[PDB]
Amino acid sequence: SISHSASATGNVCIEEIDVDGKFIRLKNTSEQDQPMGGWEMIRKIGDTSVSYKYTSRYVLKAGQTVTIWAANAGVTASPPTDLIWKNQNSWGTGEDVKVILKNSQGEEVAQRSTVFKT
């Protein structure tokens, strides 16, 4: 029914796509701090893809998580754990979603999908 898929080649993975459509959470599962300056997160739903760009000095430290919140989720920025997706509002529920993570060289280093199926 509700099905999950995901993979990563590096230190950072996409941990969760909020079923409620209010956040995407990532985690550094490694023992290495991960510089993410210039990194890009892409959310695709249907024909539409929306980009988030990590700020230049952003670092996801070893074992830590980062939650990227919809601008209307009612959450205040709290770096480094909680960041806000500028001008991007919560995106609903129940439509297939795929998130891809790219490094500064544009290489896909992680991905996660949620698929709903009958």
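So that there is no doubt, residue numbering starts at 1 and follows the sequence shown.
When the C-alpha B-factors of 105-113 and 92-100 are averaged, 92-100 comes out higher. The entry lists C-alpha B-factors for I68, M41, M36, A77, and the highest of these is at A77.
Among the modelled residues of its chain, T55 has a C-alpha B-factor that falls in the middle third according to the deposited record. Sort the chain's modelled residues by C-alpha temperature factor and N28 lands in the middle third, per the entry. For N72, the recorded CA B-factor ranks within the highest third of the chain. Only modelled residues enter the ranking. The PDB entry assigns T81 a C-alpha temperature factor belonging to the middle third of its chain's modelled residues.
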